[PDB]
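Below is one structure; the comments refer to it alone.
Here the Cβ is made from the backbone with ideal geometry for all residues, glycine too, and neighbour counts use every protein chain on show. No lab work stands behind these numbers, since they all come straight from the coordinates.
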Amino acid sequence: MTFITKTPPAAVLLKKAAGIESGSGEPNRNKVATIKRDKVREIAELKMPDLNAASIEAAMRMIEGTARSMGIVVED
């Protein structure tokens, strides 16, 4: 009665926000993959009610370990 509610994992949209696709190594002007906390958490917010998270500490949490051990870092 409320339609369907399908949502992807945070390990797929997270990196997307950053932009890590491919790099020859270090071309002209290169920036590391750093995702501020106001941004990485921003995505975890859009998918807060899509991961059974009782709060942000539970959502942003998945965006941390996922946006950290995958190579992407986070700033705050």
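Inspect all residues belonging to segment 31-38 and state whether any of them is loosely packed, with under 11 Cβ neighbours inside 10 Å and of a type in the set (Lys, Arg).
Looking for residues that are loosely packed, with under 11 Cβ neighbours inside 10 Å and of a type in the set (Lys, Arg), one finds at least one in segment 31-38, hence yes.
Please go through segment 58-76 and give me each residue that is surrounded by 10 or more Cβ atoms within 10 Å (Cβ to Cβ) and over 12 Å from the mean Cα position of the chain (by Cα), ordered by number.
Step one: filter segment 58-76 for residues surrounded by 10 or more Cβ atoms within 10 Å (Cβ to Cβ), giving 58-68, 70-75.
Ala58, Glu75, listed by residue number.
Find the residue count for segment 1-16, including only residues that are without any contact (Cβ under 8 Å) to a residue 12 or more places away in the chain and aliphatic (A, V, I, L, M).
Residues flagged as without any contact (Cβ under 8 Å) to a residue 12 or more places away in the chain and aliphatic (A, V, I, L, M) within segment 1-16 amount to 3.
Which residues, taken from segment 46-76, are in contact with a helix residue (DSSP H, G or I) (Cβ under 7 Å, 6 or more places away or on another chain) and among the acidic types (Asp, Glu)? Please lay out each step first, then the result.
Our first condition is that a residue be in contact with a helix residue (DSSP H, G or I) (Cβ under 7 Å, 6 or more places away or on another chain); within segment 46-76, this holds for 47-48, 51, 53, 56, 59-60, 62-63, 66-67, 70, 72, 74-76.
Hits for segment 46-76 are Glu75, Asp76.
Considering each of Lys36, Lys47 in turn, give the residue that is in contact (Cβ under 8 Å) with a residue 12 or more places away in the chain, of a type in the set (D, E, K, R) and under 14 Å from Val73 (Cβ atoms).
After ruling out the rest, the residue left standing is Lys36.
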